[PDB]
Amino acid sequence: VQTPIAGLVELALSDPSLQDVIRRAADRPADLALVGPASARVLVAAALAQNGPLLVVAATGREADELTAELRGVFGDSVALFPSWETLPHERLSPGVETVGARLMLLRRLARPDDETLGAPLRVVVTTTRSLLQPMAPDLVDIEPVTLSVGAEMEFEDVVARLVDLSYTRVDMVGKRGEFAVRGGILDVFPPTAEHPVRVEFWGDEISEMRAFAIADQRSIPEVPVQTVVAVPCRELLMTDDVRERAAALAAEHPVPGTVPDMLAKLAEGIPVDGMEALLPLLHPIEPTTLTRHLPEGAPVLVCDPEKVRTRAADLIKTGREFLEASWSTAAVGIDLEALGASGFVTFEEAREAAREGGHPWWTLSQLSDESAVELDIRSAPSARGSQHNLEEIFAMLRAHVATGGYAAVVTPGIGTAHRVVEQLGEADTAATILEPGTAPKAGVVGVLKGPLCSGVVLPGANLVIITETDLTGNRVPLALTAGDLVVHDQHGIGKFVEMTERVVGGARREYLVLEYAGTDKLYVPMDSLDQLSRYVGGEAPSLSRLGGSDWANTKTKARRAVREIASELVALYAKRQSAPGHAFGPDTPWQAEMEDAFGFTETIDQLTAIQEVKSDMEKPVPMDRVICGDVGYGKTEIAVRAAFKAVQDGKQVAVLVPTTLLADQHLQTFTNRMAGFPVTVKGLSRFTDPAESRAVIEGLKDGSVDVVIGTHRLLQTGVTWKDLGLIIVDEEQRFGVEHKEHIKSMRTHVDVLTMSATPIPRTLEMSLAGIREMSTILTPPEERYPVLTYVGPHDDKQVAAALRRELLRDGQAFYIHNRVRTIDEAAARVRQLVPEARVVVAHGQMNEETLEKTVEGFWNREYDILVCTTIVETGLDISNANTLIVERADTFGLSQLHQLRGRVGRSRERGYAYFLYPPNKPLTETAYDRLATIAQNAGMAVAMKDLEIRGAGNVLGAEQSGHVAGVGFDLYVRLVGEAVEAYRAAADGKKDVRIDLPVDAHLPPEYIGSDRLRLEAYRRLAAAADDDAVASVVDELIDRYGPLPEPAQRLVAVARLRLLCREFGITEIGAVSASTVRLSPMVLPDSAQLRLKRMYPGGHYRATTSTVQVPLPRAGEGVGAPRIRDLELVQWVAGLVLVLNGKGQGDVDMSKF
């Protein structure tokens, strides 16, 4: 890492007061209380870090994060954070594996500071009060991790058992941390503390090569190198035999997913589960220690604001024991709580004494006075508080101080905001430069240094003053089929999946995908016709299976004829748009670039590339019609603010149409904030605004006063005018009424419009309408979203009260889902009864419109704490402060509905929690037990995410066509849409099988690809290739993911190129009557070619009525006549024959190596 403020903090250590605390602390006193500003806690930690390692305690997790960031800018990798659990010690939710990974990684780095592979020697460790008080087993650090380096001699099967012992989960394909996949001689693994997963390849019993790969495409990333990888545990325990028998003995005491015996049942088998972290007093009984024991001998502890630490310690212990009583009551189990109390938080004083008994001095740094403590010659910096005279004063203070001869520095944490400070100090008659990172400022010149610093510092002893940016502005910084699923075939129709079998027939082992029709008949799909299959989605009620008659071809012509209306209307809109006139927008105003600097975050590659795509067709004379795809939390609204600024800065006006007045208020706040500091007049007209401001300010638009307006369907009333409007922005267009979507659909050729949406479209659809509907989707995340912690189980009032109280404690909100409106007020009264300190309001669709928009207006404005709403209200609400979801009667919801409800919580830097609760008065049905278990798991959900694409397809195509999506399938429907849109788009400018049955053992061995879903995917991936460069990319993908191709795989791709050569000359079938002959079915031979056939292939004849060429197979050798040629030797012979029967002459062949 880089240390940008390392030289400025060293200049800060020029102060003899901190030099006094370095000398004073080198003698390791028992007590040492320090007084100073909060902005100095990075300086005093840097001071104490000069004599040896140091532990620093902060009250909150955020204060520890800010301190880790500031200290990291000083010592680099020598500073690390010991994170706090996102759960309580006895809560039945396990913490995230990223946090337990970092925790145990740091404990190992503390025990092994000279280990290069772990990192630089730790100088400062920063932690919170929770991690300080939360005890832990003294043998966590002694758990041997899985170290993987080049040349290390481990045995493949042994490390797999070690990885499951470390609580890694063996899954089909890795996609999250803690998962590991196993191929032949290749195991993919994703350590919980790593940026990317690594692909380990062995040669015998040692690691041959190690590559880091990506999750999206599973392909290796060659631009990053790896030397060693350390696989720390994914849970804070080791899966041993002692915990397996102690769980089975505890299972004899208590012989559904959310039940205690279900945990112990899987713990008897050795499989970890959520909530396990509450049974260690019973699973691994051991005298628990605390964090200070793991620091090296003599390392001190510096507590920052001990008063705030004590109040936070009180709330933690109270919250911890509340979760213990709730999640481990006798009613919850259907277990001695005081044996579990050994793992719970210990008091502030028990932790302080434990630190002193272990050799670690307990020192404090506070900002409140004390005559007993040493005060530092340091005071905080002036804050501007959003004033201009404040800012001019601070600038005049820095100018006077450098004229003194003293040091001054403005530290900028933001990106692209240091030059602006240099300009602001030039405006204030003060010279200043941008300092190279790591250096200290020079006496007499104000130095602007980019670095992490939340607040400034004044050290008169060091003749130095630091101001930070916050001090000046005031703003902080794959087809998977299980037995019985319904699939569709393009040539036959709806069938039922049975199994996958392999039946060697004509001297070759072939795999077949067996299906079921009307239970009479089974269809055996070969591995080359897999492109004609797709999983049936679309019909909620499963339709009846088809047959071998002629009814399927009609439902396809019904599809196509229905699909053709869509494509025609879409190309007609594209033609009427590119043909009609449109006033283009000029180039970028100079102010536009300054606004791009005002963005307080880093742009994604997709955001910037989309930013150029929105600016291209605005600068072009074309009437714009583009949608922005990608779900919430991305840079979507930002591209709207720039497109709106570029349109206002060219004379035109902007209108922003939203379907909700909450979106009006949200986008208004986002727009006004960004376009401040510029003469961009912006107002808003929604449901809740008086006619005094509506009629006059907003609706009184004729003189061109308001440049940009964000409003609802109220902006579509008769009587609205726009003096030279040039841009229209519509977010979530599908949520308008039919009476209003006609208006927005009308205003498309007249004015450049730009729509926004979060419902995704399939990747096939986006490629299908690439020329008809201009589309710019973004997928690069600004910050990585970490998954919400999901508990599924029985409805218990004490657990519901603990989770709700845990949100209100963090000043957060919560969603409480109750779908039956007839009894929705009965549910709110129950929540008010459980949490009497919560503002609890309801919201549903059967409510009139004004109360609903007012109820959720208040909810967003934090006037209510819990919103008891229905499924359809909750999914259409962006409340970033609501990070707990509670769903009563979770068995009543489709899996896709649970995914959508869960998606709208925990989408920020603070982690969310979701509770899916079923009733405790009745036993669950046969439909729900596995669906809810499928939600607990981090392939059965893929059937529900394909649903979320269907609704998006109905919004971009403009029709539901529910009768045609079912009965032919949605995958077939998107492919018929793309074909009809390709025909109509081609008409707007004036413009199958290859059956091969040969004795060639060509298949993908299960030794090569064990997963059926992954092997079936590989079959389809090669069957769908078109040229030799495609089949070469499929082979490059297969050796990357699974290893070198075995002989049956090399033969299989060799046949794949044979089909591409067959189609090159239009051949449909190569088959063998027996061992003796071969027949090429569709081939017309001229007289000259018949002379070639009799010449070089004697014994072969040509049948002209069926256009087939029959040629006898040669023999392998000239021996007694036992072996007939076969396998790839035969493949090239056939490839040669077809080359000479067309006049090529065996001169362009490749299949020798495969």
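We place every Cβ from the backbone using ideal geometry, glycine too, and count neighbours over all the protein chains shown. Since every read-out is calculated from the coordinates, none of them should be taken as a lab result.
Listed values, structure above:
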read-out	value
Yes/no for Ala216 being within 26 Å of the chain's Cα centre (by Cα), of a type in the set (A, V, I, L, M, F, W, C), more than 20 Å from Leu148 (Cα to Cα) and exposed (fewer than 13 other Cβ atoms within 10 Å of the Cβ)	yes
Residue count for the stretch 502-534, restricted to those that are touching a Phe, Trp or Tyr at 6+ places or on another chain (Cβ under 9 Å) and either small (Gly, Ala, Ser) or outside any helix (DSSP H, G or I) (or both)	15
Qualifying position, being among the charged types (D, E, K, R), out of contact with any helix residue (DSSP H, G or I) (no Cβ under 7 Å at 6 or more places or on another chain) and closer than 25 Å to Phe213 by Cβ, among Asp1087, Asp1040	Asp1040
All strands (runs of 3 or more DSSP E) inside the stretch 647-732 with 3 or more residues being over 25 Å from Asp631 (Cβ atoms)	682-685
Selection from the stretch 409-446 of residues that are hydroxyl-bearing (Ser, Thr, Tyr) and assigned to a loop (DSSP other than H, G, I, E, B)	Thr417, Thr430, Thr439
Test: residue in the stretch 1069-1089 that is assigned to a helix (DSSP H, G or I) and not charged (D, E, K, R)	yes
Whichever residue in the stretch 1-41 is crowded, with 20+ Cβ neighbours inside 10 Å and in contact with a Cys (Cβ under 9 Å, 6 or more places away or on another chain) and, among such residues, is nearest to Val301 (Cα to Cα)	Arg41
Residue within the stretch 583-600 that is β-branched (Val, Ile, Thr) and exposed (fewer than 14 other Cβ atoms within 10 Å of the Cβ) present	no
Top-ranked residue in the stretch 882-919 [being of a type in the set (A, V, I, L, M, F, W, C) and outside any strand (DSSP E or B); ranked as nearest to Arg830 (Cα to Cα)]	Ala890
Test: residue in the stretch 303-315 that is more than 27 Å from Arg805 (Cα to Cα), outside any helix (DSSP H, G or I) and not hydroxyl-bearing (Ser, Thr, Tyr)	yes
Condition broken by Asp377, with the remaining ones in (1) of a type in the set (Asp, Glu); (2) in contact with a helix residue (DSSP H, G or I) (Cβ under 7 Å, 6 or more places away or on another chain); (3) more than 30 Å from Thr87 (Cα to Cα); (4) loosely packed, with under 15 Cβ neighbours inside 10 Å satisfied	(4)
Matching option when the condition is of a type in the set (A, V, I, L, M) and in contact with a strand residue (DSSP E or B) (Cβ under 7 Å, 6 or more places away or on another chain), among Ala443, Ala480, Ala462	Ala443
Of all residues making up the stretch 790-839, the number that are polar (S, T, N, Q), touching a helix residue (DSSP H, G or I) at 6+ places or on another chain (Cβ under 6 Å) and part of a helix (DSSP H, G or I)	1
Search result, residues across the stretch 855-881 that are in a helix (DSSP H, G or I), surrounded by 17 or more Cβ atoms within 10 Å (Cβ to Cβ) and out of contact with any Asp or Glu (no Cβ under 8 Å at 6 or more places or on another chain)	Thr855, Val856, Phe859, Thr871, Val873, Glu874
Subset of the stretch 644-685 (residues that are of a type in the set (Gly, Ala, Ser) and touching an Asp or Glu at 6+ places or on another chain (Cβ under 9 Å))	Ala644, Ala647, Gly651, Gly677, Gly684
Matching entry among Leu1004, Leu932, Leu1014 (being crowded, with 17+ Cβ neighbours inside 10 Å, more than 30 Å from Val738 (Cα to Cα) and out of contact with any helix residue (DSSP H, G or I) (no Cβ under 7 Å at 6 or more places or on another chain))	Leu1014
When residues of the stretch 150-169 are limited to those that are assigned to a helix (DSSP H, G or I) and β-branched (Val, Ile, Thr), the one surrounded by the most Cβ atoms within 10 Å (Cβ to Cβ)	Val159
Test set (1) on the phi < 0 side of the Ramachandran plot; (2) among the basic types (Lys, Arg); (3) under 38 Å from the mean Cα position of the chain (by Cα) - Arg385 fails condition number	(1)
Exclusive hit being closer than 16 Å to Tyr574 by Cβ, β-branched (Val, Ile, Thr) and either part of a loop (DSSP other than H, G, I, E, B) or over 26 Å from the mean Cα position of the chain (by Cα) (or both), set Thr755, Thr780, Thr749, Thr759	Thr749
Evaluation of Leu368 against (1) touching a strand residue (DSSP E or B) at 6+ places or on another chain (Cβ under 8 Å); (2) in a helix (DSSP H, G or I) (one fails), failing number	(2)
Of all residues making up the stretch 584-609, the number that are in a helix (DSSP H, G or I) and in contact with a helix residue (DSSP H, G or I) (Cβ under 6 Å, 6 or more places away or on another chain)	2
Leading residue by the ranking (nearest to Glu338 (Cα to Cα)) among those in the stretch 283-300 that are surrounded by 18 or more Cβ atoms within 10 Å (Cβ to Cβ) and hydrophobic (A, V, I, L, M, F, W, C)	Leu283
Residue match in the stretch 985-998 (condition: acidic (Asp, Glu), in contact with a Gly (Cβ under 8 Å, 6 or more places away or on another chain), farther than 30 Å from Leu1113 by Cα and outside any helix (DSSP H, G or I))	no
Residue match in the stretch 396-408 (condition: out of contact with any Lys or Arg (no Cβ under 9 Å at 6 or more places or on another chain), in a loop (DSSP other than H, G, I, E, B) and within 30 Å of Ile22 (Cβ to Cβ))	yes
Filter pass, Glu86 being surrounded by fewer than 24 Cβ atoms within 10 Å (Cβ to Cβ), in a helix (DSSP H, G or I) and within 33 Å of the chain's Cα centre (by Cα)	no
Residue, nearest to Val174 (Cα to Cα), within the stretch 207-224, restricted to residues that are among the aliphatic types (A, V, I, L, M) and assigned to a loop (DSSP other than H, G, I, E, B)	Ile215
Test: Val1031 is part of a helix (DSSP H, G or I) and crowded, with 18+ Cβ neighbours inside 10 Å	yes
Output for the stretch 346-365, where each listed residue is of a type in the set (S, T, N, Q) and either in a strand (DSSP E or B) or under 20 Å from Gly298 (Cα atoms) (or both)	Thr364
Residues that are over 25 Å from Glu742 (Cβ atoms) and either surrounded by 24 or more Cβ atoms within 10 Å (Cβ to Cβ) or touching a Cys at 6+ places or on another chain (Cβ under 7 Å) (or both), drawn from the stretch 627-640	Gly635, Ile639
